[PDB]
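Listed below, chain by chain, are the residues.
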Amino acid sequence: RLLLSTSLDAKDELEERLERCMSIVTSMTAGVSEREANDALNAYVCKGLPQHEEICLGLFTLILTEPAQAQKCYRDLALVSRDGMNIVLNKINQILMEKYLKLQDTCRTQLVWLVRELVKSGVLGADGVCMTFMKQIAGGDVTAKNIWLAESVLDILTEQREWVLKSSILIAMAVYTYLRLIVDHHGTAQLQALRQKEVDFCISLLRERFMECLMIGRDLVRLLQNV
Amino acid sequence: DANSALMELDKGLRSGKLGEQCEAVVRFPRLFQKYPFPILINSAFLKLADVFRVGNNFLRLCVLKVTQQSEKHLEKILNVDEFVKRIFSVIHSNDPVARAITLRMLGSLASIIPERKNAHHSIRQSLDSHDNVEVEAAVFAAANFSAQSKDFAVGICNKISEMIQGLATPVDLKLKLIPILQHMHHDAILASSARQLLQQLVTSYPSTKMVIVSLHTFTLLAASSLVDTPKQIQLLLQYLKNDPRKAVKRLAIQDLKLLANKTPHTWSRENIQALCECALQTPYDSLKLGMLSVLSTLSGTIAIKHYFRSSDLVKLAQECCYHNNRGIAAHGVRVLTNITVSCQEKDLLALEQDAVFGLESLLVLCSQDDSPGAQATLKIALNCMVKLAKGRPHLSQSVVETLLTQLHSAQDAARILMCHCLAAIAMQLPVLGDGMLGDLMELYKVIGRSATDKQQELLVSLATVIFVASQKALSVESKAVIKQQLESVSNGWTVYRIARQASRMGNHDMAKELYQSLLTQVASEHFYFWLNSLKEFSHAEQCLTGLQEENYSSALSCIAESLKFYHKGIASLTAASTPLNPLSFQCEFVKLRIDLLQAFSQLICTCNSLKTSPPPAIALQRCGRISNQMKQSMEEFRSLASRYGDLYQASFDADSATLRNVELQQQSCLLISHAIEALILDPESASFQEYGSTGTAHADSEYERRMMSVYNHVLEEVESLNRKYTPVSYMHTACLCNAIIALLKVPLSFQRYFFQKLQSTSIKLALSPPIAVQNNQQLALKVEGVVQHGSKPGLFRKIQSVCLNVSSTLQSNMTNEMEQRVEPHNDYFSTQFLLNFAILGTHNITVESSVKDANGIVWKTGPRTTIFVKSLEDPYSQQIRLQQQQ
Amino acid sequence: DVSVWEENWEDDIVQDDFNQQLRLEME
Amino acid sequence: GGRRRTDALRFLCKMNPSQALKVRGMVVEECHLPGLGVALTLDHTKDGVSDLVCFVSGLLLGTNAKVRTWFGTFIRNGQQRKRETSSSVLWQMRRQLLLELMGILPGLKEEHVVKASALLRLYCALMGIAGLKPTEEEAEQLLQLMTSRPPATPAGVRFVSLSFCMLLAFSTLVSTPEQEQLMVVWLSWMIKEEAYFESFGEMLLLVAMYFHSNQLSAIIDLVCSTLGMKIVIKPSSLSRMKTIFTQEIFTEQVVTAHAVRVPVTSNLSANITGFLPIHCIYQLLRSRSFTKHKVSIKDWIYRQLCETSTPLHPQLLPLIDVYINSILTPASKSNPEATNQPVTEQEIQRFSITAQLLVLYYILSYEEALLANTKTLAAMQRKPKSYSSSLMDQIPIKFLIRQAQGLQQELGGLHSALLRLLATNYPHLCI
Amino acid sequence: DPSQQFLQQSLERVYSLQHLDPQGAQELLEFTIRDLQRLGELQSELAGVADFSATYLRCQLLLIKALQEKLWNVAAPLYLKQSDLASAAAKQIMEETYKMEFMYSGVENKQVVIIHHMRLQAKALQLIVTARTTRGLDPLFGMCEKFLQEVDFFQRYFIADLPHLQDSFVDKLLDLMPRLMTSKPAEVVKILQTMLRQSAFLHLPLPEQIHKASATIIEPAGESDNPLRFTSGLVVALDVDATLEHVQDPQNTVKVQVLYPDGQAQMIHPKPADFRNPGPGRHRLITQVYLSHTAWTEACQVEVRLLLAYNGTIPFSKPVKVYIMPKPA
């Protein structure tokens, strides 16, 4: 399977929808060359709306499955998406904030790769994905995997600071969240370098976007006093 | 990346703001140019069709522009059904503008989706609408679909008949509707029905605009459908003779011009008779000029032969050649020139003088007019007299005489064109008369202080005719020429072109002087070395002019001195080679010239050795040393001929003249080899059938003609000595070395491809590869190459099929030999080969590329690319082999 | 259109790179 | 055995001098006994250009790579062995070249410039392919040859470019400090010269920008392209040269001044490739250098845009975008194009359709920048300096965009940007 | 019918105007073959006679062009076969004569005589060029004896038709037959060379009804990137479907051919049972061709084509190709 569980775990109807998506996306491909595969795929997508959504979710799950298949299916999704995958991004948000407790590590890495691809490509609505993924970071915890995930999304945001600049509210969300992470994190030399990177980025955002930081609220001062 | 760029462009489409949306839409065709990948094209067009369906009218028009521009890419659409379905949905919109844009979209897409019935019904419905924009769009789409489909064509033919017959249609829409009928050439009965409709149209709508449009459409229909061309020509002639309007007559002229250019053979004697009668009767200069242009175009084909003496055409041509208007005179004299050259009937020989004198009158008329129309008429007249001289030498003499008489008083541009014509005359016809040379020298003298700007081209053309005229060497007149150049030119480029012409015509001493004078002006390295090499080659060839008949010691001395100068020149030349324009042809040609001269030197040495090394007392094996040396000489000359053939095959880009020159060099090598064989090695085997029409061949150059003459003389000399003497007689060597000095007497002539290279084509020859592969899994290699071109692709040759040959060898054996022929098919071919390697070790894979032209000749042109591959087996196979090797 | 001489070398509508540099070098 | 065979062939050739060069050609063809070929050339030599120079240049710079590799291995082995005992013919050839060097040195005479450049190319071929370590006297003569001052002819431009590439390729040649300061005063004099730019100035600007950006690999590519062979240059030497070059002879101010002095690339387009002065101007403008150094870039940009051919060079649109962005600096900004005769005469002494479209795109993007900045402004009252509405009347926007639509595939990005501008700011023209 | 009489008058024009100079003859021949091809494309009914006449006139054009080549006024030692066109001309005329004889159905004896006459002229041209290039007397004697044997075979085969071939090449050869037989190889080759130049152009009689045969493979269709994966050494069977029209004896004459991407050109004989006739004037062909080969480094394309065998074989349809990926053990 994809999500870690056992026999006693409830049969998750969302996961069964994902399994049906696996069935249709894989069995329709049948290991043929990508040309006829995407031809038939576009036919099935344009047949109707629910099957279009099913194909999109199948492509999304394939992006979480295997690296080469993730590359090919992300290519096919960008090629065949009709509405720009906005409701697909909505379902991505739902699956993310609901099933992150059970998500496998390889699926986590491939989902992070998909998030980086979406941010770099500048697909509309990526700000929502960024801020809901940001929301899942638990404060006051020192788990290695969570800290690695925080560092990875921080790297994504730093390389695409201009995409943050064009997203007005995301500036405030990111700076506040990274201040909270700063007051949370300390103890190790790697955490010290991470602290340096975070404080440099936050100071740069605060100076360059002071007017945008005005609407954060008085809790900004609360974070300031501790650092 | 392709997909990255695609979606980064797509996010602009979704932006909502119209500016970004239309920006992305018009950005799409560039993306197609970057990535001609059918997956990407299909997805992009689906997105285009979606935004076309949902977007506003301006965005739809932008998508229409993109579809029209991206015509070449849309046949690679996979999901044509969905694409056209979502495109077609907009046709139900009440907005007439949207319906018009959709109709235009379908018309653009008609190539990939003909025979689609709902689209046809949509076209048919909109044709009878009220909104003029929608009706015009429907007309355009109907044009496109009728061009593609067949059943739609007859349906629209019927609808257009009943619509034009109807009274609701306005005049302008009727004008727009008629040229739809030009696509009714899908079958005979449909074309005939369209012909009846057009006849009805011209009868019942006699005003200017629609008779114009209708009879032009009938002309195009008849051109496409060849069945009704004679009656169309008859109808056009009828409208030319009867209709009084000037515009209708001029269209008749243009349509007859088109038909003459597209099908001269279909014309009958009656049609030409009618056209000549029309030309005689009409008084207007413009109509006469046009119809005489049509007649002249007809005369340059087989229509004259079908026409046939004194007749209407001859009388018309004679009358028009003396007409006041320049164009009418030009076309008339061209008709006379064509009729004289084409056939040798008695009345034509009687009237050939009339053509010449009329041509002289036109020449004196246009010699000082100095206008672009005058320049065009002068070019026509000069081309006509060049062709006439090529046909009539006894007329060519008087042609040369009048050309020289009018040269002195003509203007500068007229003099340039006259000199070009005279150069052509002299080049094709050898016996021009050295009395020409005095007039040309006198003209060259006075022009030395004529002008500064246009004086340059006149100088180079005059120098060209001087060199072509001087079949023999020069004199102090060359000193006068160089003195005038140094005093007045002060430009260098003209000096370079004059030296180039000198080297072309064999006046190598003049070339040496000019190149030596010109060395200081240059500024680069490779150009300096190139000029120095040309100077040394000219000096080496001027050394060749010192030969005299029957003197063999001085002959060997001159050959050795020329070898010295040639070696210096080739050192300088191979110093001039650079990655940009590597002098490959020049280097190989000079190497082969050096090797040929070395072969002549060794052959002279052997002819001297016949008396210098008497036969041993131990001893046609008596003269053993001479026999062995003649064997070596035959081997060397055979190898030289083979290498000249290799150069010929490699010089695919070269023009006809360069190829003929290289063929002449190879023929000289073969002549010497055959002379050696017949005289020495086996006169019994020399059953030559050389007796024939060899001397009657039409030589296109003085150098070629002299080479063929010496070939014939040497061949007949060899035959007389076939059996008359012992095999190692002194007469054999005497005749042989006489042939050598006779061949070397004529100066080497360079050609276009030595200096100027055109039709530059190469092969990238990409492939799918320091390399190794399992022996059990035999290698499958995919090869593909784009065929580059420079300016005009098919100037001289036209690549008709690429030929690929690949070989395999170890120890770096010919184990994988197969030939494949593949066409460029849009100037980018591809194919694969299957090769096997039974022997474990180092294998070299040599892949060769050859080009087959339209004529069927095979040209060895492309890269001799080679790749190394290692041969090895998998571990477990080797393990079981070792274990079971009992 | 027609041309007075077919083997005329002064036709310079198409100039190759070698002749392009050579003309510019000394003019 | 080899020496005996070479001596026998020498005696044979001296016995039949006329066929000596035939033996040399056979030597080259068979790729056997190069020392014999060099000795035969030396013997046959005894003003023009010496046949030895032509022969060695042909061997080194010829098409056949086998001959090049064979001759290079020969000369390298000859240099390595015996440490100049004067026995090998290689030292005789080098002494002959030295005599030619002393012959060409006097600035240079009128026609001697081309021969000197040819000798420089020959020595470049040697020190690059052969790996021949030059001697101290060789280095001194070469550096004396670099320092000369030809009479600013196209041959002079070629010579100075070759000499500059020479200095770039081999920092071991200059070596000691007095030769170094000699070369820097020579470089300063070359900077002060103006007639070279009618070329050398373009590549000089290019190498200065590459050093500033530290794109040493690009330096190697440009130098190899200019000379005409591939050479391994060991970029550490280039860093050592770049130190003094940038810190003393090319600061940002002086290179900016030279760049505005540099002529434009006439009829630029995608047909001509590689880096160009437009790229250098774009990099400088990205760095905001002109406003720092108080230099009027506007005239250069205008004259460059006037000179354009039908295919669109990709760097033109970013250049115009940055230049417009350069007009909106708070303290001091680059001068915008004049409302007077440049723009007006561009839109009616004909000018290219591409030039008209580019300048029109400049006007429209400038209007957008005005609308974007005037929202904030916070600068001097002359900061907008907007073009007169009367000027906007003369410029035919619809006709030029029709022409652009006709010529789309040559001007892809230009056409797309133009349509964006039309739709976003002239919707009434988009009915 | 306007089209039928148009074709008739065009052919009559060619037959009347063949006596022009070589330039005019070549131009008229080119225009006529273009017109005949355009008529065949435009009307499918006359496509048979149109393509038949186009092939015959193209044979005549190839014969005419060869006789105007440069080598006829250069001595045999100076000849070089790299620039030669006569050999290729003879080869193309041979192939087109075979196409004329076998491809088109409904051809009567009165057309076969002219087709074989053109074949004889092509063989004569081949003899001429081989004599030109070679120098040994014995191969000339052998080749000339073989050519005379072919002439004898032709004239004995069609004894009832010689009066209707007046002024032709074979008629003039028969008039000079004893002299040709007795003469030396050089004299006979020269006299037949100058005889071939002056030969008249026979008037081809149009058949009452004639259709060209054609096949179009449809089972692989235009193929796709998808390769037929299977283990190496073993055999993968590929279906073959084609629509054959106007083939006289398809169960015997038609042979399926598959070309691997190398010198190995395997050939197959479909059994007569699989051929089925759904309607008159056509033939369906269902075949299951079997293909095997060793392991390949990656998927490659394999060509399959229809051949029309006779008593050799000729190409018969558009060469379709398919992708094969033989996986290892």
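Going by the header, the method for this PDB entry is cryo-EM, and the resolution given is 3.7 Å.

Scanning chain A from terminus to terminus reveals 13 helices and zero strands. Element order for chain A, N to C, with α for helix and β for strand: α-α-α-α-α-α-α-α-α-α-α-α-α. Dimensions along the principal axes, computed over C-alpha positions, put chain A at roughly 60 × 40 × 25 Å. Put simply, of all contacts in chain A between residues at least 6 apart along the chain, 72% involve residues at least 24 apart.

This part is about the overall build of chain D. When helices and strands are tallied, chain D shows 24 helices and zero strands. Relative to its length of 431 residues, chain D is extended, with a C-alpha radius of gyration of 28 Å against a globular reference of 22 Å. By principal-axis analysis of the C-alpha atoms, chain D measures approximately 95 × 45 × 35 Å.

The next thing to look at is the sheet that holds strand 7 (residues 275–276) of chain E. Paired through backbone hydrogen bonds, the strands of a sheet run either parallel or antiparallel to each other. All names here are of chain E. Taken in spatial order, the three strands of this open sheet run 4-8-7, and their pairing is antiparallel. The open sheet is flanked by strand 4 (235–245) and strand 7, the only strands paired with a single partner. In this structure, strand 7 lies alongside strand 8 (residues 282–292), joined through two bridges in antiparallel fashion. Following the sheet pairing, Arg276 is matched in strand 8 by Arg284.

Close approach of charged atoms lets side chains of opposite charge pair. Per the counting criterion, the structure on display carries 51 salt bridges over all chains. Across the salt bridge formed by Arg326 of chain B and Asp369 of chain B, the nearest N and O atoms sit 4.0 Å from each other. With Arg326 of chain B in helix 19 (residues 326–342) and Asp369 of chain B in the loop between helix 20 (346–366) and helix 21 (372–391), this pair connects stretches of sequence that are 43 residues apart. A cluster of three or more residues bridged by salt bridges with shared partners is formed by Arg82 of chain A together with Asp50 and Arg53 of chain B.

Residue and element names in this part refer to chain B. One non-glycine residue, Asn581, lies in positive phi territory at about 60°. Its location among the elements puts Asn581 in the loop between helix 30 (553–576) and helix 31 (584–612). Given a relative accessible area of 13%, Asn581 falls into the buried group.

Attention shifts here to the interface of chain B and chain E. Listed by partner, the interface residues are 51 residues for chain B and 40 residues for chain E. Among the secondary structure elements, those contributing two or more residues to the side of chain B that touches chain E are helix 17 (303–307), helix 32 (624–650), helix 33 (656–681), helix 34 (702–720), strand 3 (779–784), strand 5 (818–822) and strand 6 (831–835) of chain B. Of the residues forming the side of chain B that touches chain E, the biggest block, six residues, is contributed by helix 33 of chain B. Class assignment of the residues belonging to the side of chain B that touches chain E gives a composition of 20 nonpolar, 26 polar and five charged.

This next bit is on the interface of chain B and chain C. With 35 residues of chain B at the contact, the number on the chain C side is 20 residues. By the criterion of area lost to chain C, the three top residues of chain B are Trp493, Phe527 and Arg752 of chain B, representing 23% of everything that side buries. Viewed at the interface, chain C and chain B are joined by two salt bridges. Residues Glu6 of chain C and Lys390 of chain B are paired through a salt bridge, measuring 3.8 Å at the closest nitrogen-oxygen approach. The interface formed by chain B and chain C holds five residue pairs in polar contact in total. Among the elements of the structure, helix 21, helix 23 (412–428), helix 25 (455–469), helix 27 (493–505), helix 29 (525–544) and helix 36 (752–755) of chain B are those that each provide at least two residues to the side of chain B that touches chain C. Considering every element that reaches the side of chain B that touches chain C, the biggest residue donor is helix 27 of chain B, with six residues. Counted by class, the side of chain B that touches chain C contains 16 nonpolar, 12 polar and seven charged residues.

The next thing to look at is helix 14 (residues 236–249) of chain D. Under the 1.5 Å per step criterion, the end-to-end length of helix 14 of chain D is 19 Å for 14 residues, consistent within 8% with the ideal 20 Å. Approximately 25° is the largest bend angle found in helix 14 of chain D, and it occurs at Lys242 of chain D.

Let's shift gears to the pairing of strand 4 (residues 799–810) of chain B. Residues and elements named next belong to chain B. Bridging between strand 4 and strand 7 (residues 841–853) involves 11 bridges; their strand directions are antiparallel. Each residue of the ladder has a partner; that of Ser808, found in strand 7, is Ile845. In terms of strand pairing, strand 4 meets strand 5 through five bridges, oriented antiparallel. Looking across to strand 5, one finds that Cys803 is bridged to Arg821.

What follows concerns the sheet that holds strand 1 (residues 766–767) of chain B. The sheet built from three strands is open, its strands ordered 1-3-6 (chain B) with antiparallel pairing. Whereas interior strands pair on both sides, the edge strands pair on one side only; in this sheet they are strand 1 and strand 6 of chain B.

Turning our eyes to something else, we now look at the packing of aromatic side chains. Scanning all chains against the criterion turns up 47 aromatic pairs over all chains. Ring centres 5.9 Å apart and planes at 75° place the aromatic pair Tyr74 of chain A and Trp113 of chain A in the edge-to-face group. With a gap of 39 residues between them, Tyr74 of chain A in helix 4 (residues 67–80) and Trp113 of chain A in helix 6 (residues 105–121) connect regions that are remote in the sequence. For the pair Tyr74 of chain A and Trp113 of chain A, one class covers both residues: buried. With a centroid separation of 5.8 Å and 25° between ring planes, the pair formed by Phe164 of chain D and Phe245 of chain D is classed as stacked.

Moving on, we get to the pairing of strand 3 of chain B. Residue and element names in this part refer to chain B. Two strands pair when backbone bridges link them, and strand 1 and strand 3 are joined in this way by two bridges, in the antiparallel orientation. Across the sheet, residue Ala766 finds its bridge partner in strand 3, namely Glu784. Where strand 3 meets strand 6, five bridges bridge the pair, whose relative direction is antiparallel. Note on strand 6: the bridge partner recorded for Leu781 is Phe833.

Another point: the environment of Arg643 of chain B. Residues and elements named next belong to chain B. Within the element layout of this structure, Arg643 appears in helix 32. Of the residues examined, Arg643 reaches a relative accessible area of 34% and is grouped as partly exposed. Separated by 109 residues in sequence, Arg643 and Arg752 place their C-alpha atoms 20 Å apart.

This part is about the packing of helix 6 (residues 137–157) of chain E against helix 9 (residues 185–197) of chain E. Residue and element names in this part refer to chain E. Close contact between helix 6 and helix 9 brings their axes to 10 Å; oriented N to C, the two are set at 50°. Judged on the interaxial angle alone, helix 9 and helix 6 are oblique. Where helix 6 crosses over helix 9, the handedness of that crossing is left-handed. On the side of helix 6, the interface is formed by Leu137, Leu140, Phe141, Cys144 and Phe147, while helix 9 contributes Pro185, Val188 and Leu192. Among the residues forming the contact of helix 6 with helix 9, the class breakdown is eight nonpolar, no polar and no charged.

The relative placement of two packed helices comes down to the angle between their axes together with the axis-to-axis distance. All names here are of chain B. As a packed pair, helix 25 and helix 27 sit with axes 9 Å apart at the nearest point and diverge in direction by 15°. Classified by the interaxial angle, the pair formed by helix 25 and helix 27 is roughly parallel. Between helix 25 and helix 27 lies a crossing whose hand is right-handed. Contacts between helix 25 and helix 27 involve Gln456, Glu457, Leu459, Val460, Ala463, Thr464, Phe467 and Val468 from the first element and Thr494, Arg497, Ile498, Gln501, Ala502 and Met505 from the second.

To continue, consider a nonpolar patch on the surface. Residues and elements named next belong to chain A. On the surface, a cluster of nonpolar side chains totalling about 370 Å² of accessible area is made up of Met211, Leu214 and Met215. Considering the arrangement of structural elements, one finds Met211 in helix 12 (residues 210–213). The class of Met211 is exposed, set by a relative accessible area of 53%.

Attention now goes to the side chain of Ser299 of chain B. Residues and elements named next belong to chain B. Topologically, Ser299 is positioned in helix 16 (residues 285–299). Engagement of the side chain of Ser299 in a polar contact is seen with the side chain of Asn338, the distance being 2.5 Å. If sequence neighbours within four positions are ignored, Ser299 has contacts with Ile304, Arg334, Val335 and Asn338.

Here is what the cut-offs are and how they apply
- Residues numbered from 1 in each chain as written, not as in the entry; some residues may be left out.
- Chains lettered and ligands numbered in written order.
- Part of a larger assembly, values for the part shown.
- Heavy atoms only, no water.
- Residues with missing side-chain atoms left out of burial classes, pairs and counts.
- Helix = DSSP H or I, 4+ residues; strand = E, 2+ residues; numbered from the N terminus.
- Contact = heavy atoms within 4.5 Å.
- Rg over C-alpha atoms; globule rule 2.2 N^0.38 Å.
- Pairing = 2+ DSSP bridges.
- Salt bridge = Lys/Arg side-chain N within 4 Å of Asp/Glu carboxyl O.
- Buried < 20%, exposed > 50% of the residue type's maximum accessible area, 1.4 Å probe, protein only.
- Nonpolar A, V, L, I, M, F, W, Y, C, P; charged D, E, K, R; others polar.
- Buried area = accessible area lost by both parts, 1.4 Å probe.
- Polar contact = N/O pair within 3.5 Å; in protein donor to acceptor, adjacent residues only side chain to side chain.
- Expected span 1.5 Å × (residues − 1).
- Bend = angle between axes of the 7 residues up to and from the residue.
- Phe/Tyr/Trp six-rings, centres within 6.5 Å; stacked < 30°, edge-to-face > 60°.
- Axes fitted to C-alpha atoms, helices over the stretch in contact; angles between N-to-C directions.
- Parallel < 35°, antiparallel > 145°, perpendicular 65-115°, else oblique.
- Left-handed = near helix turned anticlockwise from the far one by under 90°.
- Patch = residues over 30% accessible without salt bridge, like charges linked within 9 Å, V, L, I, M, F, W, Y side chains within 5 Å.
- Areas by Shrake-Rupley, 256 points an atom, 1.4 Å probe, with all protein chains shown as cover.

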